[PDB]
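First up is the structure itself, then whatever we jot down about it.
Positions of Cβ are backbone-derived with ideal geometry, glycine not excepted, and every protein chain shown enters the neighbour counts. What follows is calculated from the coordinates using simple rules that are stated; it is not laboratory data.
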Amino acid sequence: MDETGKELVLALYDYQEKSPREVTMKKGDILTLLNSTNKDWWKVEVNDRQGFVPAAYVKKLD
């Protein structure tokens, strides 16, 4: 990754939230990446909903 500023992730998988700290993302959704302190769990935002999802289901742009 570079200093591109607004870094987003591409949801390449349909991932339905089970836990309240998860968020619903579907294949094709482009979500805002707001936390990557965990290399297994990333905080993504869809519209106005944030949650932690396994990074293996999303693709990092840049």
Positions within region 10-29 being part of a strand (DSSP E or B) and more than 13 Å from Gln50 (Cα to Cα), in sequence order: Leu10, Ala11, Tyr15
Those residues that are among the polar types (S, T, N, Q) and within 13 Å of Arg21 (Cα to Cα), I need them from region 34-61; list them, please. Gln50
I'd like the residue in region 17-34 that is within 9 Å of the chain's Cα centre (by Cα) and exposed (fewer than 15 other Cβ atoms within 10 Å of the Cβ) and, out of all such residues, is farthest from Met1 (Cα to Cα). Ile30
Kindly indicate whether any position in region 38-52 is of a type in the set (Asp, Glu) and in contact with a strand residue (DSSP E or B) (Cβ under 7 Å, 6 or more places away or on another chain). yes
Set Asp14, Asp48, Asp40: member being more than 20 Å from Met1 (Cβ to Cβ), surrounded by fewer than 13 Cβ atoms within 10 Å (Cβ to Cβ), among the acidic types (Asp, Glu) and in contact with a helix residue (DSSP H, G or I) (Cβ under 9 Å, 6 or more places away or on another chain): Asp14
Top-ranked residue in region 51-62 [being within 19 Å of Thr4 (Cβ to Cβ) and not small (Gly, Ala, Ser); ranked as surrounded by the most Cβ atoms within 10 Å (Cβ to Cβ)]: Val58
From the list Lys6, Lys59, exactly one residue is out of contact with any helix residue (DSSP H, G or I) (no Cβ under 7 Å at 6 or more places or on another chain) and assigned to a strand (DSSP E or B). Which is it? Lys59
Among the numbered criteria (1) touching a helix residue (DSSP H, G or I) at 6+ places or on another chain (Cβ under 9 Å); (2) without any contact (Cβ under 8 Å) to a residue 40 or more places away in the chain; (3) of a type outside the set (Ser, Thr, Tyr), which one does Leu31 miss? (1)
